[PDB]
Amino acid sequence: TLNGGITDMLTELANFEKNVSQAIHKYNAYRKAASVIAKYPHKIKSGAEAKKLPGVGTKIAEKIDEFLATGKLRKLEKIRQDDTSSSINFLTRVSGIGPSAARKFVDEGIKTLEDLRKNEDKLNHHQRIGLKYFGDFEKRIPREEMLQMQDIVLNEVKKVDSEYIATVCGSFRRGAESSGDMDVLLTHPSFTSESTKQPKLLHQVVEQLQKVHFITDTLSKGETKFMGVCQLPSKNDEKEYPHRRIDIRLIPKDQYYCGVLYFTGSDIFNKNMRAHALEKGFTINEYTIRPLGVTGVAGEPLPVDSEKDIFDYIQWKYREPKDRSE
DNA sequence: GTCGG
DNA sequence: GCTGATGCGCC
DNA sequence: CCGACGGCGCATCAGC
Ligand SMILES: Nc1ccn([C@H]2C[C@H](O)[C@@H](COP(=O)(O)OP(=O)(O)OP(=O)(O)O)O2)c(=O)n1
Ligand SMILES: [Cl-]
Ligand SMILES: [Cl-]
Ligand SMILES: [Cl-]
Ligand SMILES: [Mg+2]
Ligand SMILES: [Mg+2]
Ligand SMILES: [Mg+2]
Ligand code: NA
Ligand code: NA
Ligand code: NA
C-alpha cells in the first residue's frame, strides 16, 4: 500500500515502546503518526513533508528521512538483533502476558514457547489458556466463519430471551474480509442506566453458549464483560476449526449508540474521536457523551438518538463503519 | 514522542 | 473488607 | 522532574 514502508516502521517502533520500553505514550505517538500517514493520499517524499501532519514531529520526521534514503532504520536493526528485546516482545503476544510479565519471564530465562510449556506452573489461568491456543489466536477469522459464528450467537441468545439484542461489532461491523476475534454487543430492556432489574443477564447468555459447547473457556467474567474462547463445530475427518477469542459486552439499552460506537472502533479511530471531543470541550466513553465544565468535571449526559448525533456534537462529518478502519 | 498551555 | 495503583485486556 | 495524552472492565496486590 501507499506509504506502507513508513507505517510498518512506525508500527514496529510502537510495539517496541509498548512491550520493551514500557512507554505507553510513545507507543500512542507512534500509533497516531502511522494513522495520519496511512490516510495521507500522496507518496511521502520527505520527512519535512510528513512533519506537516498532526502527530509527526522532528524525531519521526528524521526517522522517515533515514528510511526514505536507505530503506531501513538502524534503530530497528539493533532492536531486531537484540535477543532479549525479541523474546520480551514475542511473549507479549501470549494472551495474558503483558509487557511486565514478559520482562519478568525473560529475566528468569523463560524465552520460548517451549519454556512456557516447561514452566506452566508459573502461569495464571488466563496465561495457560493464551498458551494452549497460541497458534490458533495468531490466525485471523475469515468473514465466512464470522457469519456462522454470528448465526450461532444470535440464535442461542434468541433462545434465552427474545428481548435480548446481540450485535457483532469490531472489524466485522466495519466490513473487514477477515477479523482478529468476535466482539458481541448485548442489550436487554431490563438493564438501563436507570435500573438493573434482572440478575445474571450476561451470565444467562454465557452459560447457554457454554451449554451448546460454543464457548469453550473463560479468561475473565463479570457483570457486564466476558472475555473467553469459542469454537465452530466441524465436520468428520475434516480438521477442527481453530479456537477463537470472543468478547461479549452488556451495555445499558438507553446507551446503545455510545456502546456500539465504542465497540465498532477501530481502536485508533476511537482514541482520535475522543481526542477531538476533548478539544471541542466534550468527553466520550462507551456509555455517554458529556460536556466538560471548567474545574475539569464532565456534566450530564447529552441526549443521543444515533451514532451520527455523537459525531454532530463534536462537528465531525459522519464516518460509516467502512471508513473507521485504519 | 508530540503538541499546546 | 476498603481505597488506590497496577497489570491484563477491549475498541 | 512542563504535563496531558481516551476511557474503562476484570483480576489482583499494597497498605490499611
Ligand atoms: N514548550 C515548553 C517548554 C518548556 N516548558 C517548561 C520547562 C520548565 O520547567 C519551564 C521553564 O523553562 P525555561 O526557563 O527553559 O523557559 P524560558 O522561557 O524561561 O526559557 P528562555 O530563557 O529560552 O526564554 O517551562 C514548558 O512548559 N513548555
Ligand atoms: Cl511513554
Ligand atoms: Cl447512546
Ligand atoms: Cl458515563
Ligand atoms: Mg475484534
Ligand atoms: Mg475483541
Ligand atoms: Mg483489536
Ligand atoms: Na506535525
Ligand atoms: Na499478551
Ligand atoms: Na444527527
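So you know, we letter chains A, B, ... as the sequences are listed, proteins then strands, and number each from 1.
A/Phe226 places its CZ atom 12 Å from the P atom of D/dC10, with the value rounded to the nearest Å. Computed from coordinates, the A/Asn272 CG to B/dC3 P distance equals 13 Å when rounded to whole Å. Atom CG in A/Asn124 sits about 17 Å away from atom P in D/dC10, given to the nearest Å. Straight-line distance from the CD1 atom of A/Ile24 to the P atom of D/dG7: 15 Å, rounded to whole Å. Nucleotide D/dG7 holds its P atom 16 Å from the CD1 atom of A/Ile251, rounded to whole Å. Remark: P of D/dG7 and NE2 of A/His25 are 12 Å apart, rounded to the nearest angstrom. The interatomic distance linking A/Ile268 (CD1) with D/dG6 (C1') rounds to 10 Å, in whole Å. In this structure, CG of A/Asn28 is placed 12 Å from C1' of D/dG7, rounded to the nearest angstrom.
In summary, the aromatic rings of A/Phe134 and A/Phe90 are positioned with their centroids under 6.0 Å apart. When ring centroids are compared, A/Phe282 and A/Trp316 stay outside the 6.0 Å threshold.
Closest approach of A/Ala166 and A/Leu186 over heavy atoms only: CB-CD1, 4.1 Å.
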Checklist entry - How does protein reach along nucleotides 5-11 of chain C, written 5' to 3' as B (base within reach of a heavy atom under 4.0 Å), S (only sugar-phosphate), or - (no contact)? => result --SSSBB
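If you take atom P in B/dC3 and the same atom in D/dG6, they sit 13 Å apart, rounded to whole Å. Nucleotides D/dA4 and C/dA5 place their P atoms 14 Å apart, quoted to the nearest Å. One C1' atom belongs to C/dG7, the other to D/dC2, and the distance between them is 28 Å to the nearest Å. If you take atom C1' in D/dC5 and the same atom in B/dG5, they sit 13 Å apart, rounded to whole Å.
The neighbouring residues D/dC5 and D/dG6 do not form a stacked base step, as their six-membered rings are not both less than 5.5 angstrom apart at the centres and less than 30 degrees apart in plane orientation.
Nucleic acid contact for A/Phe269: none, since no nucleic acid atom lies under 4.0 Å from a heavy atom of the residue. Residue A/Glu286 is classed as a sugar-phosphate contact, given heavy-atom separations below 4.0 Å to backbone atoms only. Using a 4.0 Å heavy-atom distance criterion, A/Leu219 is classed as making no nucleic acid contact. At a threshold of 4.0 angstrom between heavy atoms, the contacts of A/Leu10 with the nucleic acid are absent. Contacts of A/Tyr27 with the nucleic acid, taken as non-hydrogen atoms under 4.0 Å apart, are absent.
A/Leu147 has its side chain within reach of A/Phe172: a pair of non-hydrogen atoms, C-beta onward, lies under 4.5 Å apart. Using a 4.5 Å cut-off on side-chain heavy atoms (C-beta onward), A/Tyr262 and A/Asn270 make contact.
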Next on the checklist: Go through it in stages, so that I can follow the logic: the residues are A/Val168 and A/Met182, the test is side-chain contact (heavy atoms from CB on, under 4.5 Å), and I'd like the CA-CA distance, side-chain angles, deciding distance and then a yes or no.
Outcome noted: CA-CA 7 Å; A/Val168 179; A/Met182 199 178 176; 3.6 Å; yes
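In C/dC8, the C1'-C2'-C3'-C4' torsion is positive, which places the sugar in the north family. For B/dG1, the ring torsion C1'-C2'-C3'-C4' comes out negative, which puts the sugar in the south group.
Below 30°, between 30° and 60°, or above 60°: for A/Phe269 and A/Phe311 the angle between ring planes is between 30° and 60°, a tilted geometry.
Stem regions annotated for DNA chain D: B:1-4 with D:2-5, C:1-11 with D:6-16, counting only runs of 3 or more consecutive pairs of Watson-Crick or G-U type with both contacts under 3.5 Å.
Checked against B/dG1, D/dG6, D/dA11, the side chain of A/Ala275 finds its nearest nucleotide in D/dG6.
Side-chain atoms of A/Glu17 never come within 3.5 Å of backbone atoms of A/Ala23 as a donor-acceptor pair (strictly under, hydrogens ignored). With A/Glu156 contributing its side chain and A/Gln208 its backbone, the two residues share no donor-acceptor pair below 3.5 Å.
The side chain of A/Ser220 places no N or O atom within less than 4.0 Å of a non-bridging phosphate oxygen (OP1 or OP2) of D/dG9.
A/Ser195 and A/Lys197 form a side-chain donor-acceptor contact under 3.5 Å, judged by distance and modelled atom types alone.
Salt-bridge formation is not detected for the pair A/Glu207/A/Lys211: no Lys NZ or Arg NE/NH1/NH2 atom is positioned less than 4.0 Å from an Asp or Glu carboxylate oxygen.
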